[PDB]
Amino acid sequence: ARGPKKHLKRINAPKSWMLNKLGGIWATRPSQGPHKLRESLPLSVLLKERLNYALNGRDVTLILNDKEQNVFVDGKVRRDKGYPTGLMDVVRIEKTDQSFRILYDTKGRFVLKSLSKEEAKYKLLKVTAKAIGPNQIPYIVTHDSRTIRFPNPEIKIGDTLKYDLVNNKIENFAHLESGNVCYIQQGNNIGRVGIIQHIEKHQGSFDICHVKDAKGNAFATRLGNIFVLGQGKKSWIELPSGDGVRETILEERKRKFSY
Amino acid sequence: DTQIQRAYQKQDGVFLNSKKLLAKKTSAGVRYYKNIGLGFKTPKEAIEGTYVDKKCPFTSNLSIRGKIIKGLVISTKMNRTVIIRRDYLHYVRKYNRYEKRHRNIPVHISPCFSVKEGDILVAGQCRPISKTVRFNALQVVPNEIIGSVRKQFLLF
Amino acid sequence: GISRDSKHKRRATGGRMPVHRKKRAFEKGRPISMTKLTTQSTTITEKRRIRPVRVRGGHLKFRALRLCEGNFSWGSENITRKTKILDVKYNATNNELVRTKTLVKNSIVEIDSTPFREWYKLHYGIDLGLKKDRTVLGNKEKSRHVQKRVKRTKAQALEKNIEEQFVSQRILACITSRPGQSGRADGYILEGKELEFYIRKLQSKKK
Amino acid sequence: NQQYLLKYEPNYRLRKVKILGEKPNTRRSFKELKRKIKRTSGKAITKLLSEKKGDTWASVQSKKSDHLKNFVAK
Amino acid sequence: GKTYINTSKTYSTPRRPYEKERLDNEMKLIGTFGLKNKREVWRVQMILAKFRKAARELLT
RNA sequence: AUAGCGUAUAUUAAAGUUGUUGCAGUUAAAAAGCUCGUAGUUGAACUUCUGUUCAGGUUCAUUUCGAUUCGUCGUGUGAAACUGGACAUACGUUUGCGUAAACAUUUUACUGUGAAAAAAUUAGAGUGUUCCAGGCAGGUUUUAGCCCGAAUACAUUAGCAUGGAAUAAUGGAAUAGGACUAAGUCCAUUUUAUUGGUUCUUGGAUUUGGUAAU
RNA sequence: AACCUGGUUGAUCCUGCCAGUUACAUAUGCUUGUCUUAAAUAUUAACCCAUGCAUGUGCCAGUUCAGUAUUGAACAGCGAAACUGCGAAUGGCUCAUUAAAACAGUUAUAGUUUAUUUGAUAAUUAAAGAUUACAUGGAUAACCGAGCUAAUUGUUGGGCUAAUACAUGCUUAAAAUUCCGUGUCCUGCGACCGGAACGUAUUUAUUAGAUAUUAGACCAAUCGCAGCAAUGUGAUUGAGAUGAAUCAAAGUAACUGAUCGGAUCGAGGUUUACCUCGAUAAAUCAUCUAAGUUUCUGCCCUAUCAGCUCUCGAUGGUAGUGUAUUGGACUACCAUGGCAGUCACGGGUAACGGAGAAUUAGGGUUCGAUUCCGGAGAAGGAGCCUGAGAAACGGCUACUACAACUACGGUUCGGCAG
Ligand SMILES: [Mg+2]
Ligand SMILES: [Mg+2]
Ligand SMILES: [Mg+2]
Ligand SMILES: [Mg+2]
Ligand SMILES: [Mg+2]
Ligand SMILES: [Mg+2]
Ligand SMILES: [Mg+2]
Ligand SMILES: [Mg+2]
Ligand SMILES: [Mg+2]
Ligand SMILES: [Mg+2]
Ligand SMILES: [Mg+2]
Ligand SMILES: [Mg+2]
Ligand SMILES: [Mg+2]
Ligand SMILES: [Mg+2]
Ligand SMILES: [Mg+2]
Ligand SMILES: [Mg+2]
Ligand SMILES: [Mg+2]
Ligand SMILES: [Mg+2]
Ligand SMILES: [Mg+2]
Ligand SMILES: [Mg+2]
Ligand SMILES: [Mg+2]
């Protein structure tokens, strides 16, 4: 197809952005970055659609080219309109001192979770690879594309580190075993939150894990979509308010409209 | 010990000439084997054979990745290669019944197996070895077929 | 304009297989480098000739047109030296390759003993080029540096083939590089089994 | 402050508010200029650029600043 | 021109173009509800029909 | 019929005039002159039946009742088909804390779940675009705000995961060392920081006694 | 809305079609007043095209002695030209080709490539030569000047000066490890002493890649370590990843020098010899992005297609070669295979495949050139340049068939399926 694709059409932009069908032809193609294209929430959508701080395209440009440095991701400045803010990222707006975390709700759209200052220092990281590096230095790699050196050696692959973004120092970690708390990054089970019942390894391809929530409904999903939220029943994150429990539309209609 | 070909045949990643081994006038003595970790037992013969097969999953660099097959061996006619046969019932929605279809997969046989025509083969997916062959033989199950191998239809 | 596409062949059944797209530049193959020994060629001024090749991804690949010297290893001894390659003796692929003196992987070549002869002499105090008066050891006994030269020599016994060859000063070695890619003839010296074999092959060709 | 307002609102709006001016006919000119420019070299090219019909970004920020200098706080 | 606005059909036309009983009922409707133009009654028919398909599927 | 309405042509229902559901074939068009027969399609009956006890719901009935109310709830009592315990020669061992594994259960078709799944479509919730087509918005003077939405279903085949007893195919001990067990013989063999002998384990083969309703 | 009616007879019950009825696409005829939307040279001719336009781009952060402005006496605001970057491979158009092909859903890449992004690394600037590091060297465009043509985004000579352009090169770890010395002591090729080599990468060869999801004892030698010393003393954490590696990360040889190891830029300043923010170039590994190949299964009509494939590849095996990589992709040798009534092979399609569309009691029937995703092509074939990506076509070369100028000798930024 003669090389790389530089455009994205509105119809094809992920449902998670909640763009208007009728709003145009194109949408903003997420930039190459920490997160994949489909797991991206770009900045331009973050500002224009979600916060409404930008009313149109020009506006976004204004915010991100203003010498004043308005927007922050994991502590580091970003001027790129299509920067792929992904899952677990902490995005902070210097002028208002708003600190949000990027998440999926149970319905699988992108949400900004308002965080107080103590939350906003911390960010959750999930182990992708673990290796010996050059010079015989152990290293570890993360979903947000971090490379962390000299990890605590007990840290296994597919764990969750709690990362201090002020100190760039991993604080506490927990791994994928029975009894820990998860959030589910991708699935039809996207956004649900729960205690791991157990894990079955099929060893040819795809390992499936099962989950429960506070209410006691089971889930299953492939290992890749599990993200660990801490030890115990306690999560190290403030969840958008479903608390991670899915609601039957019956439950929804009942509680909302009193049926 | 058998060398018949234009080129001398030895496994890769195994050095035959080490100072201890030159003291023995006998071919080889240190052999390469492997584990292909799908829970597949590495055969007795892979271990004790003299065979050079660069396409053997046990004796070589062959990586078995992602797809596994059960089948019938219809033809062991060619050099270190068989054909396998998978029979299935394709469902025709309208007439609301099935239809008997078959597929022939060329598989690669490592010399470590004894393969009678009309046996039962397990094969793992493989990198493209030849024009036809994407599959390599893992496990042979012996069995007796009466009459020609073709007519015999097993859906398992 | 050479092509590696599989589309230009018959599918398994024998059926003529259809074509919509063109030749694509990414299925490109490239002309062959017949890589030559300039060593014995008298008419040649330029003995070493290597071509950079701009490749997919902006990298380089290195074409050996003309080669004379290469880098060879002696396996038992773990000793690797660069020497001049003399002749291409046997080729399993095709014999017109031997006639054209072409270098390819698993070609069979001969090597100047000389660097290996010297390393051996240095290390074990034994000159392999000589028939009689084989031992070069120093005059002071009980001197750690001569003692070592004996202690080395104590365990060692060579193949008659390696010895005889060393005397001859030419050595049979099969070459392990891809000169049409790397731009090198790098190789290993034949020992034991492979030597029995390629000697016999050379021998029944010679018979 | 009307500083910000003067720095943020786009130009067609500053015309609605009478601050800026008319956007004159761009396209035709610009494309005939493109024509001639492509078809010669540097000296002549500069001589053509002197004649471009554009309302320059310079002139824009100039009228903006000047209007910011003619302003009186309520 | 690409456009993503949706298609509509508000009414339907009878298998049988002329049948007295039906025509008469339709003119009794046009009369009492002060309509013009038979399709008005047809689109009402359409609407009702939608409702009924719904109830039916739900009774499955 | 109506701001629309004729006509031509392809195609859809009409068509049970293409028929799996679902057609016809003595005489309306239609059984091949007749047998043998390979592919194909199709295939008789039998195997943990059954009974007894416990619990959980889910239904039912109503000369049991109740409470309140514009019909649900609680409760009876019995009666069902379950679902799951339990003992009965009876859907398994063995181990670590109702759930895993390993062992053992011949394979599959079939069926129930689940994962993986592209939006727009379609079905459909919410919402008065003046209705509506439709859009994904909206609603509120508590206003340097507030409230709420952008659901859900469907997503056929084949791959994947897992629960399955019927039905259907296929299997297993008929030249049996088949099964269990004991005692030998070989070939390998992880651990015991290392090579050697003995061993040990283990995991294959093999010889012979014993056990069994063979 | 799960409905049927007209026509064979003198009449009758049948079969059966014709006809009516219905929806929906194009077409068309007549007729047309508001408002809200709105398809649109697919079908025939992937036929041919005048003209205009559809691909350009500058920050404070690579080059300014243009110009402007009476500017920090090296420039400093604004801002051409022209080098140097980057893009031009997306987008838009069309459906001619195409029937396991493309496509769809499912896989593999342990068989690969990826410019721009995000994260992390980096002590050695090979040898010979050269060597200033308070920083190396030679050129050229714009410009000035002279020309050639009837002709174009043609270019020829001549005089100038920059670059992040084109060349070149300086930058003091320790330890350990390997080798060498006719060195000391010795007897362990062991210790001390002395001398080399020693980044990364490239190319081969060899040594080990550690395994605590796991079991031990009898002889010998145990190698070590407390310890000269007989005596022992055991041995138990120290090294990741996978289902699997010949993986990661390492040791020892050499090999290449065609890898990289900053002679570049801003800004704000503590009054200025020092701080604090940044821009950019580039290597490796991840990461994003996309691609190449790839597993399994699934297409319409046709037997007035029953056998097909294999003289140079048909199926497999070997060495090679080639490629980004896998492979008969290609070569040499070898074997005689591979597919087919479960329809091979071969025709046809007024056939691009899907997402979907019209009808629909149920089951079906019939369409999908056309918004989205794949695929293909740019008049027809082939071949290339350059790139991270191209067989590009709003790039070049050639032919076949054509388009535009011509002073006839030449020329075209000639290619509407934008
Ligand atoms: Mg961008
Ligand atoms: Mg995998
Ligand atoms: Mg590169
Ligand atoms: Mg403007
Ligand atoms: Mg008759
Ligand atoms: Mg039966
Ligand atoms: Mg029991
Ligand atoms: Mg008659
Ligand atoms: Mg009559
Ligand atoms: Mg009709
Ligand atoms: Mg009006
Ligand atoms: Mg410029
Ligand atoms: Mg065909
Ligand atoms: Mg296929
Ligand atoms: Mg000059
Ligand atoms: Mg020293
Ligand atoms: Mg300064
Ligand atoms: Mg079609
Ligand atoms: Mg398209
Ligand atoms: Mg694809
Ligand atoms: Mg046009």
# chains A, B, ... in the order shown; residues from 1 in each chain; ligands from 1
$ residues_near_ligand --ligand "ligand 13" --cutoff "12 Å" --atoms "only C-alpha atoms (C1' of nucleotides) and all ligand atoms" --output "VMD selection string"
(chain C and resid 15 to 18) or (chain G and resid 98 to 101 300 to 302 305 345 to 349 351)
$ interface_residues --of "chain A" --to "chain F" --cutoff "8 Å" --atoms "only C-alpha atoms (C1' of nucleotides)" --output "PyMOL selection string"
chain A and resi 11-15+18+20+208+220-222+249
$ residues_around --residues "residue 96 (chain B)" --least-positions-apart "5" --cutoff "10 Å" --atoms "only C-alpha atoms (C1' of nucleotides)" --output "number ranges by chain"
B: 91; F: 20-21; G: 363
$ residues_near_ligand --ligand "ligand 17" --cutoff "8 Å" --atoms "only C-alpha atoms (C1' of nucleotides) and all ligand atoms" --output "PyMOL selection string"
chain G and resi 267-269
$ residues_near_ligand --ligand "ligand 6" --cutoff "8 Å" --atoms "only C-alpha atoms (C1' of nucleotides) and all ligand atoms" --output "list in words"
residues 43, 44 and 168 of chain F
$ write_last_selection --atoms "C-alpha atoms (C1' of nucleotides)" --output "PDB file, in the first residue's frame"
ATOM      1  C1'   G F  43     -28.259 -48.248   8.320  1.00  0.00           C
ATOM      2  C1'   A F  44     -31.719 -53.930  13.871  1.00  0.00           C
ATOM      3  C1'   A F 168     -24.612 -40.840  15.946  1.00  0.00           C
TER       4        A F 168
END
$ select_by_dssp --residues "region 97-222 of chain A" --states "strand (DSSP E)" --output "MDAnalysis selection string"
chainID A and resid 98:104 110:114 122:132 138:142 147:149 160:164 169:174 181:184 193:200 208:212 219:222
$ residues_around --residues "residue 82 (chain G)" --least-positions-apart "3" --cutoff "12 Å" --atoms "only C-alpha atoms (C1' of nucleotides)" --output "list in words"
residues 41, 42, 43, 45 and 46 of chain D; 63, 64, 66, 140, 141, 142, 143 and 162 of chain G
